[PDB]
Structures are given as C-alpha cells and as structure tokens.
$ cat target.cif   # mmCIF, C-alpha atoms
data_my_file
loop_
_atom_site.group_PDB
_atom_site.id
_atom_site.type_symbol
_atom_site.label_atom_id
_atom_site.label_comp_id
_atom_site.auth_asym_id
_atom_site.auth_seq_id
_atom_site.Cartn_x
_atom_site.Cartn_y
_atom_site.Cartn_z
ATOM 1 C CA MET A 1 58.222 132.529 140.071
ATOM 2 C CA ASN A 2 61.908 133.285 139.712
ATOM 3 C CA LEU A 3 64.401 130.332 139.934
ATOM 4 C CA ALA A 4 66.589 131.736 142.794
ATOM 5 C CA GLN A 5 63.704 132.598 145.037
ATOM 6 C CA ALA A 6 61.957 129.255 144.329
ATOM 7 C CA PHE A 7 65.175 127.432 145.211
ATOM 8 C CA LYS A 8 65.586 129.387 148.481
ATOM 9 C CA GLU A 9 61.952 129.272 149.594
ATOM 10 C CA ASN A 10 61.581 125.555 148.762
ATOM 11 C CA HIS A 11 65.065 124.522 149.981
ATOM 12 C CA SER A 12 64.992 122.512 146.882
ATOM 13 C CA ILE A 13 68.640 122.505 145.801
ATOM 14 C CA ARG A 14 70.059 119.104 146.890
ATOM 15 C CA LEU A 15 73.486 118.268 145.503
ATOM 16 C CA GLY A 16 75.775 115.248 145.096
ATOM 17 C CA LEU A 17 73.054 112.600 145.412
ATOM 18 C CA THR A 18 73.234 108.997 144.282
ATOM 19 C CA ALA A 19 70.368 107.316 142.359
ATOM 20 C CA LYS A 20 70.469 103.764 141.013
ATOM 21 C CA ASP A 21 67.941 104.380 138.307
ATOM 22 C CA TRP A 22 65.715 106.855 136.604
ATOM 23 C CA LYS A 23 62.701 106.385 138.934
ATOM 24 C CA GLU A 24 64.879 107.118 141.940
ATOM 25 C CA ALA A 25 66.467 110.140 140.222
ATOM 26 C CA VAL A 26 62.947 111.420 139.580
ATOM 27 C CA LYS A 27 61.869 110.757 143.189
ATOM 28 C CA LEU A 28 64.841 112.778 144.466
ATOM 29 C CA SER A 29 63.959 115.799 142.360
ATOM 30 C CA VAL A 30 60.310 116.083 143.405
ATOM 31 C CA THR A 31 60.569 115.185 147.069
ATOM 32 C CA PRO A 32 61.879 118.614 148.073
ATOM 33 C CA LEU A 33 58.669 120.135 146.564
ATOM 34 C CA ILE A 34 56.376 117.675 148.328
ATOM 35 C CA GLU A 35 58.119 118.672 151.612
ATOM 36 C CA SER A 36 57.571 122.365 150.990
ATOM 37 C CA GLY A 37 53.946 121.853 149.877
ATOM 38 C CA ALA A 38 54.570 123.148 146.320
ATOM 39 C CA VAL A 39 53.095 119.893 145.025
ATOM 40 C CA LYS A 40 50.798 117.153 146.378
ATOM 41 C CA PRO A 41 52.359 113.667 146.872
ATOM 42 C CA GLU A 42 50.575 112.341 143.741
ATOM 43 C CA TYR A 43 52.753 114.569 141.534
ATOM 44 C CA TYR A 44 55.469 111.981 141.868
ATOM 45 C CA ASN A 45 53.291 109.016 140.777
ATOM 46 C CA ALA A 46 52.117 111.147 137.823
ATOM 47 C CA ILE A 47 55.631 111.857 136.481
ATOM 48 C CA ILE A 48 56.446 108.162 136.699
ATOM 49 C CA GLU A 49 53.202 106.985 135.096
ATOM 50 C CA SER A 50 53.542 109.600 132.334
ATOM 51 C CA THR A 51 57.125 108.608 131.739
ATOM 52 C CA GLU A 52 56.310 104.854 131.612
ATOM 53 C CA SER A 53 53.384 105.482 129.222
ATOM 54 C CA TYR A 54 54.943 108.111 126.973
ATOM 55 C CA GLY A 55 58.713 107.982 127.388
ATOM 56 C CA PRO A 56 60.726 110.893 128.851
ATOM 57 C CA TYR A 57 59.111 114.085 127.589
ATOM 58 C CA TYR A 58 61.543 116.462 129.417
ATOM 59 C CA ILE A 59 65.109 115.759 128.508
ATOM 60 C CA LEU A 60 65.786 119.111 126.798
ATOM 61 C CA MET A 61 69.447 118.581 126.071
ATOM 62 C CA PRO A 62 71.784 115.703 126.940
ATOM 63 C CA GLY A 63 72.790 115.477 130.611
ATOM 64 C CA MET A 64 69.665 117.218 131.942
ATOM 65 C CA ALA A 65 65.960 116.526 132.666
ATOM 66 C CA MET A 66 63.160 118.875 133.776
ATOM 67 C CA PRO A 67 60.709 116.304 135.250
ATOM 68 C CA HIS A 68 57.077 117.569 135.430
ATOM 69 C CA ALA A 69 53.420 116.632 134.932
ATOM 70 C CA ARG A 70 50.179 118.614 134.160
ATOM 71 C CA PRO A 71 49.110 121.230 136.823
ATOM 72 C CA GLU A 72 46.035 119.083 137.524
ATOM 73 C CA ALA A 73 48.221 116.231 138.812
ATOM 74 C CA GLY A 74 48.726 118.083 142.155
ATOM 75 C CA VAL A 75 50.566 121.356 141.707
ATOM 76 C CA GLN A 76 49.606 123.822 144.512
ATOM 77 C CA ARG A 77 52.053 126.446 143.554
ATOM 78 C CA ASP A 78 54.806 127.340 141.033
ATOM 79 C CA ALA A 79 58.233 125.978 142.132
ATOM 80 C CA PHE A 80 61.443 124.399 141.029
ATOM 81 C CA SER A 81 64.058 122.070 142.450
ATOM 82 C CA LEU A 82 67.581 121.173 141.355
ATOM 83 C CA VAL A 83 69.275 117.872 142.083
ATOM 84 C CA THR A 84 72.732 116.740 140.794
ATOM 85 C CA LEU A 85 73.809 113.062 140.764
ATOM 86 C CA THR A 86 77.308 111.634 141.353
ATOM 87 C CA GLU A 87 76.901 109.353 138.305
ATOM 88 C CA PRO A 88 74.476 109.617 135.389
ATOM 89 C CA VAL A 89 71.360 107.411 135.235
ATOM 90 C CA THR A 90 69.923 106.146 131.938
ATOM 91 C CA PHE A 91 66.309 107.012 131.053
ATOM 92 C CA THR A 92 64.072 104.629 129.007
ATOM 93 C CA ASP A 93 64.950 106.255 125.612
ATOM 94 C CA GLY A 94 68.715 105.593 126.109
ATOM 95 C CA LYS A 95 69.353 109.138 127.333
ATOM 96 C CA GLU A 96 71.831 109.771 130.153
ATOM 97 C CA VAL A 97 71.052 112.318 132.916
ATOM 98 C CA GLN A 98 73.116 113.829 135.648
ATOM 99 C CA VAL A 99 71.224 117.058 136.537
ATOM 100 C CA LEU A 100 67.507 117.235 137.377
ATOM 101 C CA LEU A 101 65.511 120.419 137.548
ATOM 102 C CA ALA A 102 61.912 119.538 138.535
ATOM 103 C CA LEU A 103 59.308 122.006 137.586
ATOM 104 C CA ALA A 104 55.926 122.795 139.129
ATOM 105 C CA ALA A 105 53.779 125.174 137.015
ATOM 106 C CA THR A 106 50.188 126.208 137.783
ATOM 107 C CA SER A 107 49.313 126.525 134.054
ATOM 108 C CA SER A 108 50.784 125.710 130.619
ATOM 109 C CA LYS A 109 51.051 129.453 130.063
ATOM 110 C CA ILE A 110 53.569 129.944 132.853
ATOM 111 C CA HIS A 111 55.399 126.655 131.927
ATOM 112 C CA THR A 112 56.040 128.080 128.448
ATOM 113 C CA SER A 113 56.493 131.753 128.999
ATOM 114 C CA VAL A 114 58.067 131.950 132.476
ATOM 115 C CA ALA A 115 59.665 128.576 133.525
ATOM 116 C CA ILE A 116 61.345 127.301 130.299
ATOM 117 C CA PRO A 117 63.142 130.520 129.366
ATOM 118 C CA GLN A 118 64.775 130.545 132.872
ATOM 119 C CA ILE A 119 65.736 126.908 132.670
ATOM 120 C CA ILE A 120 67.297 127.318 129.239
ATOM 121 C CA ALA A 121 69.264 130.452 130.361
ATOM 122 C CA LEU A 122 70.879 128.380 133.188
ATOM 123 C CA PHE A 123 71.807 125.469 130.922
ATOM 124 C CA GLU A 124 73.217 127.653 128.145
ATOM 125 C CA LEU A 125 76.042 128.987 130.347
ATOM 126 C CA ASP A 126 79.401 127.535 129.307
ATOM 127 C CA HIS A 127 80.001 124.016 130.571
ATOM 128 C CA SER A 128 76.696 124.364 132.523
ATOM 129 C CA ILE A 129 76.331 120.627 133.171
ATOM 130 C CA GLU A 130 79.939 120.231 134.278
ATOM 131 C CA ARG A 131 79.820 123.299 136.460
ATOM 132 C CA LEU A 132 76.424 122.323 138.077
ATOM 133 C CA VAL A 133 77.844 118.869 138.887
ATOM 134 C CA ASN A 134 80.944 120.456 140.616
ATOM 135 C CA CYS A 135 78.681 122.645 142.878
ATOM 136 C CA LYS A 136 78.961 121.804 146.563
ATOM 137 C CA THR A 137 76.579 124.341 148.123
ATOM 138 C CA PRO A 138 73.295 125.942 147.129
ATOM 139 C CA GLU A 139 75.070 129.349 147.088
ATOM 140 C CA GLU A 140 77.281 128.146 144.207
ATOM 141 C CA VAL A 141 74.308 127.139 142.087
ATOM 142 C CA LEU A 142 72.612 130.475 142.796
ATOM 143 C CA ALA A 143 75.787 132.301 141.701
ATOM 144 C CA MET A 144 75.257 130.457 138.367
ATOM 145 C CA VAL A 145 71.596 131.496 138.337
ATOM 146 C CA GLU A 146 72.707 135.139 138.693
ATOM 147 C CA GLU A 147 75.078 134.784 135.747
ATOM 148 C CA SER A 148 72.210 133.417 133.555
ATOM 149 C CA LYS A 149 70.286 136.667 133.932
ATOM 150 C CA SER A 150 71.925 138.361 130.912
ATOM 151 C CA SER A 151 70.404 135.717 128.591
ATOM 152 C CA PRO A 152 68.107 137.155 125.822
ATOM 153 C CA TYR A 153 65.475 134.684 127.058
ATOM 154 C CA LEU A 154 65.328 136.728 130.251
ATOM 155 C CA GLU A 155 64.855 140.253 128.768
ATOM 156 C CA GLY A 156 61.034 140.233 128.935
ATOM 157 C CA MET B 1 56.417 116.460 113.462
ATOM 158 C CA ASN B 2 59.595 117.912 112.023
ATOM 159 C CA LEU B 3 59.634 121.681 111.136
ATOM 160 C CA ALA B 4 60.671 121.314 107.431
ATOM 161 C CA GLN B 5 58.104 118.698 106.617
ATOM 162 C CA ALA B 6 55.352 120.593 108.505
ATOM 163 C CA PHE B 7 56.228 123.734 106.549
ATOM 164 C CA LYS B 8 56.129 121.879 103.197
ATOM 165 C CA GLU B 9 53.002 119.819 103.857
ATOM 166 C CA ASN B 10 51.072 122.795 105.292
ATOM 167 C CA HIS B 11 52.420 125.383 102.807
ATOM 168 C CA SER B 12 52.650 127.444 105.864
ATOM 169 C CA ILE B 13 55.706 129.608 105.188
ATOM 170 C CA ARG B 14 54.354 133.030 104.081
ATOM 171 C CA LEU B 15 56.935 135.799 103.893
ATOM 172 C CA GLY B 16 57.076 139.602 103.663
ATOM 173 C CA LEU B 17 53.559 140.243 104.982
ATOM 174 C CA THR B 18 52.214 143.470 106.418
ATOM 175 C CA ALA B 19 50.127 143.558 109.639
ATOM 176 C CA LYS B 20 48.851 146.731 111.294
ATOM 177 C CA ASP B 21 48.614 145.226 114.724
ATOM 178 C CA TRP B 22 49.163 142.211 116.867
ATOM 179 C CA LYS B 23 45.735 140.608 116.226
ATOM 180 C CA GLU B 24 46.330 140.767 112.493
ATOM 181 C CA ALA B 25 49.879 139.399 112.864
ATOM 182 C CA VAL B 26 48.384 136.504 114.821
ATOM 183 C CA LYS B 27 45.644 135.940 112.213
ATOM 184 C CA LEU B 28 48.281 135.723 109.465
ATOM 185 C CA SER B 29 50.259 133.055 111.284
ATOM 186 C CA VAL B 30 47.371 130.667 111.953
ATOM 187 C CA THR B 31 45.422 131.022 108.733
ATOM 188 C CA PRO B 32 47.780 128.773 106.766
ATOM 189 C CA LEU B 33 47.023 125.975 109.315
ATOM 190 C CA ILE B 34 43.265 126.489 109.138
ATOM 191 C CA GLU B 35 43.574 126.152 105.316
ATOM 192 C CA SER B 36 45.494 122.900 105.579
ATOM 193 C CA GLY B 37 43.150 121.491 108.256
ATOM 194 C CA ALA B 38 45.893 121.279 110.930
ATOM 195 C CA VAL B 39 43.643 123.336 113.202
ATOM 196 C CA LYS B 40 39.912 124.137 113.430
ATOM 197 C CA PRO B 41 38.880 127.793 112.797
ATOM 198 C CA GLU B 42 38.292 128.355 116.549
ATOM 199 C CA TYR B 43 42.041 128.035 117.203
ATOM 200 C CA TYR B 44 42.388 131.609 116.065
ATOM 201 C CA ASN B 45 39.711 133.011 118.429
ATOM 202 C CA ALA B 46 41.373 131.037 121.256
ATOM 203 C CA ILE B 47 44.844 132.574 120.766
ATOM 204 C CA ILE B 48 43.294 136.033 120.741
ATOM 205 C CA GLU B 49 41.075 135.452 123.777
ATOM 206 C CA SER B 50 43.986 133.883 125.686
ATOM 207 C CA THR B 51 46.237 136.752 124.752
ATOM 208 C CA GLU B 52 43.658 139.414 125.769
ATOM 209 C CA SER B 53 43.005 137.635 129.096
ATOM 210 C CA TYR B 54 46.555 136.649 130.006
ATOM 211 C CA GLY B 55 48.960 138.766 127.972
ATOM 212 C CA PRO B 56 51.326 137.263 125.361
ATOM 213 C CA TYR B 57 52.502 133.930 126.738
ATOM 214 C CA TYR B 58 54.706 133.046 123.694
ATOM 215 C CA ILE B 59 57.245 135.713 123.003
ATOM 216 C CA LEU B 60 60.328 133.570 123.728
ATOM 217 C CA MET B 61 62.947 136.122 122.808
ATOM 218 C CA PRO B 62 62.629 139.649 121.409
ATOM 219 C CA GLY B 63 61.573 139.860 117.751
ATOM 220 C CA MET B 64 59.726 136.518 117.724
ATOM 221 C CA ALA B 65 56.407 134.950 118.842
ATOM 222 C CA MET B 66 55.223 131.319 118.776
ATOM 223 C CA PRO B 67 51.422 131.878 118.941
ATOM 224 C CA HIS B 68 49.471 128.816 120.225
ATOM 225 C CA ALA B 69 46.597 127.652 122.435
ATOM 226 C CA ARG B 70 45.743 124.352 124.281
ATOM 227 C CA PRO B 71 45.233 121.228 122.032
ATOM 228 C CA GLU B 72 41.569 121.207 123.098
ATOM 229 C CA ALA B 73 40.971 124.569 121.393
ATOM 230 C CA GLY B 74 40.849 122.841 117.950
ATOM 231 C CA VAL B 75 44.145 121.221 117.052
ATOM 232 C CA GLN B 76 43.567 118.260 114.650
ATOM 233 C CA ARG B 77 47.163 117.580 114.023
ATOM 234 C CA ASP B 78 50.726 118.719 114.889
ATOM 235 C CA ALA B 79 51.905 121.563 112.582
ATOM 236 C CA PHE B 80 53.799 124.784 112.346
ATOM 237 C CA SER B 81 53.731 127.933 110.258
ATOM 238 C CA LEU B 82 56.216 130.763 109.778
ATOM 239 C CA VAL B 83 55.275 134.306 108.852
ATOM 240 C CA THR B 84 57.670 137.321 108.607
ATOM 241 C CA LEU B 85 56.425 140.945 108.681
ATOM 242 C CA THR B 86 57.848 143.957 106.801
ATOM 243 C CA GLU B 87 57.671 146.051 110.002
ATOM 244 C CA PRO B 88 57.408 144.922 113.623
ATOM 245 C CA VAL B 89 54.067 145.049 115.471
ATOM 246 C CA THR B 90 53.833 145.777 119.205
ATOM 247 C CA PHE B 91 52.153 143.207 121.479
ATOM 248 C CA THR B 92 50.179 144.236 124.628
ATOM 249 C CA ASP B 93 53.210 143.867 126.999
ATOM 250 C CA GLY B 94 55.283 146.408 124.971
ATOM 251 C CA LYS B 95 57.132 143.664 123.095
ATOM 252 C CA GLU B 96 57.968 144.097 119.406
ATOM 253 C CA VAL B 97 57.580 141.174 116.949
ATOM 254 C CA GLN B 98 58.645 140.670 113.397
ATOM 255 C CA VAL B 99 58.684 136.845 112.994
ATOM 256 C CA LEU B 100 55.781 134.537 113.889
ATOM 257 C CA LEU B 101 56.043 130.795 114.173
ATOM 258 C CA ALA B 102 52.577 129.403 115.038
ATOM 259 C CA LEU B 103 52.518 126.078 116.686
ATOM 260 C CA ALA B 104 49.873 123.350 116.723
ATOM 261 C CA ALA B 105 50.608 120.516 119.207
ATOM 262 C CA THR B 106 48.297 117.583 119.986
ATOM 263 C CA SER B 107 49.521 117.379 123.623
ATOM 264 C CA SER B 108 51.649 119.351 126.115
ATOM 265 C CA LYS B 109 54.141 116.497 125.947
ATOM 266 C CA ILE B 110 54.940 117.073 122.288
ATOM 267 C CA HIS B 111 54.841 120.919 122.760
ATOM 268 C CA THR B 112 57.633 120.598 125.340
ATOM 269 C CA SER B 113 59.722 117.744 124.121
ATOM 270 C CA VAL B 114 59.387 117.944 120.320
ATOM 271 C CA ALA B 115 58.193 121.450 119.165
ATOM 272 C CA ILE B 116 60.122 123.886 121.444
ATOM 273 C CA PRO B 117 63.575 122.356 121.001
ATOM 274 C CA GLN B 118 63.174 122.727 117.172
ATOM 275 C CA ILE B 119 61.946 126.279 117.444
ATOM 276 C CA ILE B 120 64.808 127.292 119.716
ATOM 277 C CA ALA B 121 67.416 125.629 117.394
ATOM 278 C CA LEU B 122 66.154 127.815 114.475
ATOM 279 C CA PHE B 123 66.225 131.048 116.478
ATOM 280 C CA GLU B 124 69.661 130.423 117.985
ATOM 281 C CA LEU B 125 71.404 130.559 114.585
ATOM 282 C CA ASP B 126 73.443 133.748 114.210
ATOM 283 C CA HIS B 127 71.370 136.793 113.333
ATOM 284 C CA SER B 128 68.354 134.411 113.037
ATOM 285 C CA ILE B 129 65.755 137.195 113.166
ATOM 286 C CA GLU B 130 67.590 139.342 110.632
ATOM 287 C CA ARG B 131 68.215 136.436 108.318
ATOM 288 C CA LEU B 132 64.558 135.142 108.550
ATOM 289 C CA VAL B 133 63.301 138.649 107.697
ATOM 290 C CA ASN B 134 65.589 138.796 104.556
ATOM 291 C CA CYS B 135 64.180 135.426 103.257
ATOM 292 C CA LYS B 136 62.268 135.741 99.999
ATOM 293 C CA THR B 137 61.281 132.120 99.322
ATOM 294 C CA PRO B 138 60.286 129.142 101.438
ATOM 295 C CA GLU B 139 63.427 127.318 100.190
ATOM 296 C CA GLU B 140 65.617 129.937 101.917
ATOM 297 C CA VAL B 141 63.914 129.439 105.264
ATOM 298 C CA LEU B 142 64.230 125.659 104.916
ATOM 299 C CA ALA B 143 67.965 126.056 104.200
ATOM 300 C CA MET B 144 68.069 127.764 107.645
ATOM 301 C CA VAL B 145 66.068 124.902 109.160
ATOM 302 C CA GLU B 146 68.693 122.462 107.824
ATOM 303 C CA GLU B 147 71.490 124.479 109.415
ATOM 304 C CA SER B 148 69.695 124.346 112.830
ATOM 305 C CA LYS B 149 69.952 120.560 112.890
ATOM 306 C CA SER B 150 73.390 120.499 114.579
ATOM 307 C CA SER B 151 71.903 122.175 117.689
ATOM 308 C CA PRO B 152 72.309 120.128 120.953
ATOM 309 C CA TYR B 153 68.542 120.541 121.395
ATOM 310 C CA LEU B 154 68.132 118.317 118.349
ATOM 311 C CA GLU B 155 70.396 115.369 119.362
ATOM 312 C CA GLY B 156 67.612 113.263 120.926
#

$ encode --input "target.cif" --output "structure tokens"
Amino acid sequence: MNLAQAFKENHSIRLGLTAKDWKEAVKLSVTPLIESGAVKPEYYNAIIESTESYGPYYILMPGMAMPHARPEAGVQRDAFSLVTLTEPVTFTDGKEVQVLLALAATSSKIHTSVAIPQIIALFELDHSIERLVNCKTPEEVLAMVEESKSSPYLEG
Amino acid sequence: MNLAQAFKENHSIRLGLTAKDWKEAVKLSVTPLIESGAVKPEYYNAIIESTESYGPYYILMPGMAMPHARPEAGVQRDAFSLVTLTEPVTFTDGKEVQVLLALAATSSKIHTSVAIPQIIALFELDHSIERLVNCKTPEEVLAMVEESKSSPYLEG
C-alpha cells in the first residue's frame, strides 16, 4: 500500500484534533482504521497494552509517533492514518508528540520494506512537523506526500 | 544494543570482501554473528528462504541491504554486522548492493525502535555508501558511527 491511496481509501487523515493524553492521542489515530475495517477493534487495546508494558516503541524522531502492533493483533489489511494535534502530548518516556501516523501492516516484511521508507520520506521534508501541523485539509497533506516521492527511500 | 559496541563485541565488521552473488553476499554478512553466537546457524537458511519466497525485504536505499529474519528463526541476542564488497551484487528485484549490515533483533519492538534509527543515521551521512566502501579498518567505520550520533533519529 501507498500512503496517498491508503489515506484516501481509509479517510484516515483527521487534522487539528485535541487529545489530553497519550492514550487519547493513540485512540484518535487508530479509530479511522477501525471505521474503515483496516483493523479489528482489538488493535487499539493492543497498542495501549504494548505501550504500557514496553514503553513507546514507535517514536521515530521527536514530534512524531507511528503507533502500531503485530499483524496478529487484528490487522485485516495494510493501511495508514494521519492525525495532527493542536498541542503536543507527552508519552511515558518523556517524549512529546504532535503528529501521529498509525500503521497497519499485514507482515513484518511489508512494515520494514514498504511502510517505513514511505513514512521516513514524508518526515524528512523540510520543517515536516511544522508544515503537517499547519495543514487544514487532507489535500494539503497529500500535496506533501507527493513532494516526498523524490526521496531515495522511494526509488525501489 | 548500540551499533559500535555490537560491532566490537561481535567482531562483525569485515571489509573489502568479494561475493559472486546475492546468496554469498548474505552468507558473508551473517557468518560473523553465527561465530559470536548472536544467532543460531539456521538464521542464514531463513534469510535465504525468506528472500527466495518474498523477494528482498531489506534494501532500504540503493547500494545497501540490512539482511534479517524473524527473532524466532534463531536470534539469541541483539547484534549487527557490517560487510562491504569490492563490487556490487544484484539482488532478485534488480537492485544492486555493495554494503551489508545484518541485523539480529530479539523482538520487532527493538527492530523498529532501536535498530532501524541507528542504521538510518549511519547511511544518511554524506556519501555514506562511498565512504563505507573506502574503509580499510574497523576503526574507520566506527569513526563514521560516531559521526552519525548527532542524527535526530538518535535523540531518544
């Protein structure tokens, strides 16, 4: 799955949301994918239980999280969402987050070779966090996704 | 596990090697970790079988591969190796590789949140592939690893 098409098909870009804490922020990012049927409802409980037991395992760079769990915890199909908050929330390891890109992968192989390269392309644009946060409409975010496509991560 | 310390403890930096094909290139990168006991011998057969059945799932950017398999396929402990070839080899998807950084992770959580950020920091240095390939001694590669430490991927 390609980011743009996942976003469109899942209607999973939801911007300018307010979360009081990390568990809420996480709920907001996965809910769009429960509604589309990309993931089962349990996927949510899994991310939270994994987070509580292990700490955040998905805060790739400061400002962003890619919340996910194992495929076996209720992924039906490959999908992504993107949620931006109006204020950062603090995760359990002291890390602040304002942008959440939830990930549903049907295998570790596609997580590593297909999903992560596309996520890192997006976030390596200049001022990617600040620009994502100033996006008002899904079309704006997708214009950013287009611009990420000349990343070396995307060549194969 | 930190890259430098994995490299030192596992003596798993082996430079200027010649491989005729992709299966050999892969053998060379994992062998150092079998010798140290980071992985069981079967880890090798797994990478090859997974590759044959799925295609390369670890060629993050052109020129490099991070060959790996699931923890259950014989990882004893977290470790890395680094192998550079004298000529590129072609993988099954048409992709050329000259640098191999084999990865042993005890869980998908550490693969994603600990191993990949460190690997991407190394490879985002300027001319990282060309500089890795001109390294003669493990100490040279480790000087590069030091220089990667100011990456934003490494801040948490």

$ residues_around --input "target.cif" --residues "residue A:140" --least-positions-apart "6" --cutoff "12 Å" --atoms "all atoms listed in the file" --output "list in words"
residues 4, 13, 14, 15, 131, 132, 133, 134, 146 and 147 of chain A

$ closest_residue --input "target.cif" --among "A:81, A:86, A:45, A:108" --to "chain B" --atoms "only C-alpha atoms"
A:108

$ residues_around --input "target.cif" --residues "residue A:66" --least-positions-apart "3" --cutoff "9 Å" --atoms "all atoms listed in the file" --output "list in words"
residues 57, 58, 59, 60, 99, 100, 101, 102, 103 and 119 of chain A

$ closest_residue --input "target.cif" --among "B:106, B:31, B:98, B:151" --to "residue B:118" --atoms "all atoms listed in the file"
B:151

$ atom_distance --input "target.cif" --atom1 "atom CA of residue A:71" --atom2 "atom CA of residue A:7"
19.2 Å

$ closest_residue --input "target.cif" --among "A:62, A:138, A:41, A:16" --to "chain B" --atoms "only C-alpha atoms"
A:62

$ closest_atom_pairs --input "target.cif" --of "chain A" --to "chain B" --cutoff "12 Å" --atoms "all atoms listed in the file" --output "CSV"
residue,atom,partner,partner_atom,distance
A:47,CA,B:109,CA,11.6
A:50,CA,B:109,CA,9.4
A:51,CA,B:109,CA,10.2
A:53,CA,B:109,CA,11.5
A:54,CA,B:109,CA,8.5
A:55,CA,B:109,CA,9.8
A:56,CA,B:113,CA,8.4
A:57,CA,B:113,CA,5.1
A:58,CA,B:113,CA,5.7
A:59,CA,B:113,CA,7.2
A:60,CA,B:153,CA,6.2
A:61,CA,B:153,CA,5.2
A:62,CA,B:152,CA,7.5
A:63,CA,B:152,CA,10.7
A:64,CA,B:153,CA,11.1
A:65,CA,B:113,CA,10.6
A:66,CA,B:112,CA,10.2
A:67,CA,B:112,CA,11.2
A:68,CA,B:109,CA,10.0
A:69,CA,B:109,CA,9.0
A:70,CA,B:108,CA,8.2
A:71,CA,B:108,CA,11.2
A:91,CA,B:156,CA,12.0
A:93,CA,B:156,CA,8.8
A:94,CA,B:156,CA,9.3
A:95,CA,B:156,CA,7.8
A:96,CA,B:156,CA,10.7
A:107,CA,B:70,CA,10.6
A:108,CA,B:108,CA,7.8
A:109,CA,B:57,CA,5.8
A:110,CA,B:57,CA,7.4
A:111,CA,B:112,CA,9.2
A:112,CA,B:58,CA,7.0
A:113,CA,B:57,CA,5.1
A:114,CA,B:57,CA,8.2
A:115,CA,B:60,CA,11.0
A:116,CA,B:112,CA,9.1
A:117,CA,B:60,CA,7.0
A:118,CA,B:60,CA,10.6
A:120,CA,B:120,CA,9.8
A:121,CA,B:61,CA,11.4
A:123,CA,B:153,CA,11.2
A:124,CA,B:152,CA,10.4
A:151,CA,B:61,CA,9.4
A:152,CA,B:61,CA,6.1
A:153,CA,B:61,CA,5.1
A:154,CA,B:61,CA,7.8
A:155,CA,B:61,CA,7.5
A:156,CA,B:61,CA,7.6

$ residues_around --input "target.cif" --residues "residue A:42" --least-positions-apart "3" --cutoff "10 Å" --atoms "all atoms listed in the file" --output "number ranges by chain"
A: 34, 39, 45-47, 73-75

$ atom_distance --input "target.cif" --atom1 "atom CA of residue B:44" --atom2 "atom CA of residue B:26"
7.8 Å

$ atom_distance --input "target.cif" --atom1 "atom CA of residue A:36" --atom2 "atom CA of residue A:137"
19.3 Å

$ closest_residue --input "target.cif" --among "A:3, A:129, A:122, A:72" --to "residue A:144" --atoms "all atoms listed in the file"
A:122

$ residues_near_point --input "target.cif" --point "(73.3, 110.8, 146.2)" --cutoff "10 Å" --atoms "only C-alpha atoms" --output "list in words"
residues 14, 15, 16, 17, 18, 19, 20, 25, 28, 83, 84, 85, 86 and 87 of chain A

$ write_last_selection --input "target.cif" --atoms "C-alpha atoms" --output "compact mmCIF listing (two decimals), in the frame of the given file"
# COMPACT_ATOMS: atom_id res chain seq x y z
CA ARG A 14 70.06 119.10 146.89
CA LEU A 15 73.49 118.27 145.50
CA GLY A 16 75.78 115.25 145.10
CA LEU A 17 73.05 112.60 145.41
CA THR A 18 73.23 109.00 144.28
CA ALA A 19 70.37 107.32 142.36
CA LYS A 20 70.47 103.76 141.01
CA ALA A 25 66.47 110.14 140.22
CA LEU A 28 64.84 112.78 144.47
CA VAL A 83 69.28 117.87 142.08
CA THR A 84 72.73 116.74 140.79
CA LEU A 85 73.81 113.06 140.76
CA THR A 86 77.31 111.63 141.35
CA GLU A 87 76.90 109.35 138.30
